[PDB]
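Take a look at this single chain in structure tokens; it is the form solved without the ligand.
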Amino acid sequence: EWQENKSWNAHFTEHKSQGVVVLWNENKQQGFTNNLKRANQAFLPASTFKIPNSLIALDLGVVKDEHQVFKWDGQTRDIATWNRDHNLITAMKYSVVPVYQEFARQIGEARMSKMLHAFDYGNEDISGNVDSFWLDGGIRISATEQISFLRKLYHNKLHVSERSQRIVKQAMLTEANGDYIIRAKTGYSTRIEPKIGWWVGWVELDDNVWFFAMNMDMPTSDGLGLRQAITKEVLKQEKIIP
């Protein structure tokens, strides 16, 4: 079932922000959100698309493994961490768009379209340029649709090899301590209004998994840290993490 908890709106109001957090309790098969409407509103996935993009590149052999080095093309860009060599792990960590644009060009329109339909990913529409449609093309996905996709990935139920899914979940590793593990991916969509930030993934506990997907209005990059901060406040409130 689904349950709306508007008390979470305080975590956005507190920060002069608007957004949605969607939680899914895997053991109980129950979902929770502050805003049922926005939970089902579809936005550009931006760098959260690096999850499916990584899966497709690996399954087709465009990426051999997580150690393969993708050499910097020598073009200086405004994000210093992009001006260096990367592998799959670091390209995900630093959300290195130009590495994944090359992935998409090697994947090609036909195979990209087939794979996103096989994944049931969002509106499955890659209209636009093959190397930028997740930033300014026609593809759209909602917070609830992110969770449906992530749940299949967690259970190795996507229509790619188990190896491809294991590698991507490794690359999603964001935080780990004695109490929980977070595998997630951030997103930042600026090319089409409304500008939003994403954070999607899950929290692994000893005996349960909580999937999450959040997006929030992001008029400037100054508030990007709120994607994780707001999500963790909700997780703390619901006593999922200490």
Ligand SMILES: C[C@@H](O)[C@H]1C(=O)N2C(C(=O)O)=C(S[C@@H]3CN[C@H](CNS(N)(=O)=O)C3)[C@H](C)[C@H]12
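Don't overthink the numbering: it's just position in the shown sequence, from 1.
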### Task
Decide which of the stretches 27 to 35 and 179 to 187 has the higher mean C-alpha B-factor, going by the entry.
27 to 35
### Query
Mean C-alpha B factor from the entry: is it higher for 73 to 81 or for 87 to 95?
73 to 81
### Query
Looking at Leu55, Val63, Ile192, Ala213, which has the highest CA B-factor as recorded?
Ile192
### Task
Just grab whichever of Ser161, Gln101, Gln146, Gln170 has the top CA B-factor as deposited.
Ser161
### Task
Report the third (lowest, middle or highest) to which the CA temperature factor of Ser47 belongs, ranking only the modelled residues of the same chain.
lowest
### Message
Using the temperature factors of the C-alpha atoms in this entry, rank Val21 within its chain: lowest, middle or highest third.
### Response
lowest
### Query
Lowest, middle or highest third: where is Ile126 by C-alpha B factor in its chain?
highest
### Query
Taking the entry's C-alpha B-factors for this chain, is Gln41 in the lowest, middle or highest third?
middle
### Query
By the record's CA B-factor, is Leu116 among the lowest, middle or highest third of residues in the chain?
middle
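The same protein also exists as the form solved in complex with the ligand; that form is not shown, yet it is the one meant from here on.
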### Query
Do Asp206 and the ligand come within 4.5 Å of each other in the deposited complex, heavy atoms counted?
yes
### Non-hydrogen atom contact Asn27 with the ligand in the deposited complex at 4.5 angstroms
yes
### Query
Should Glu238 be classed as touching the ligand in the deposited complex when contacts are defined as heavy atoms within 4.5 Å?
yes
### Query
Hey, in the deposited complex, does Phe70 get a heavy atom within 4.5 angstroms of the ligand?
no
### Contacts with the ligand in the deposited complex - residues in 29 to 53 whose heavy atoms fall within 4.5 Å
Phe32
